[PDB]
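A.B. asks: my sequence and its experimental structure, below.
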Amino acid sequence: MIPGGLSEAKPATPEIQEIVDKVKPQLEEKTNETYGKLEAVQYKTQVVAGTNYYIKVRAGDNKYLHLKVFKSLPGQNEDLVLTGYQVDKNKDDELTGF
């Protein structure tokens, strides 16, 4: 019940994956897997009241991180928010829909 924001979401963007090389400069080259799972995993986009963002970051087939970028602004305009955020180490691991 917690996929990578399927439906509206892409496979690690050139932007989202940059987040994996910024705050995750270890989780991005740690798993050092022999595939393409060393970067962002995907980012789904859905409004809410500012524009919610589901940044599921990829850390390899064994490690995996996650985030939810949110530009909070439900009319009252109160800075942003990030109900999502996680490191890796088979912790935030979780099946995905896309």
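C.D. replies: Alright, I've got the coordinates. Numbers count the residues shown, from 1 in each chain.
A.B. asks: whichever strand or helix holds residue 10: partners in the sheet, and parallel or antiparallel?
C.D. replies: Per DSSP states H and E, residue 10 falls inside strand 9-11. The pairing partners recorded for strand 9-11 under DSSP bridges are strand 38-46 (antiparallel).
A.B. asks: and the strand it pairs with, how far out from the chain middle?
C.D. replies: Put simply, strand 38-46 sits 5 Å off its chain's centre (Cα atoms, centre = their mean, to the nearest Å).
A.B. asks: residues contacting it, please?
C.D. replies: Here strand 38-46 makes contact (Cβ atoms under 8 Å, 6 or more residues apart in numbering) with 4-13, 15-21, 28-29, 31-32, 51-60, 64-66, 69, 96, 98. To be clear about C-beta, it is placed using only N, CA and C from the backbone, and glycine gets the same treatment.
A.B. asks: residues in contact with the next helix or strand after the strand holding residue 10: which ones?
C.D. replies: Scanning forward in sequence from strand 9-11 by DSSP H and E, the next helix or strand is helix 16-20. With Cβ under 8 Å, 6+ apart as the test, helix 16-20 has contacts from 12, 27-28, 38-40, 42-43, 55, 57-59, 65, 67.
A.B. asks: please tell me how far residue 23 sits from residue 62.
C.D. replies: Using Cβ to Cβ, to the nearest Å, residue 23 is found at 20 Å from residue 62.
A.B. asks: wait, residue 30 sits on residue 65?
C.D. replies: No: using Cβ atoms under 8 Å, residue 30 is not in contact with residue 65, being 10.4 Å away.
A.B. asks: intersection of neighbour lists for these two?
C.D. replies: With Cβ under 8 Å, 6+ apart as the test, residue 30 and residue 65 both reach 59, 88.
A.B. asks: okay, these two: which has more neighbours?
C.D. replies: With neighbours defined as other Cβ atoms under 10 Å, residue 30 and residue 65 compare such that residue 65 has more, 26 against 16.
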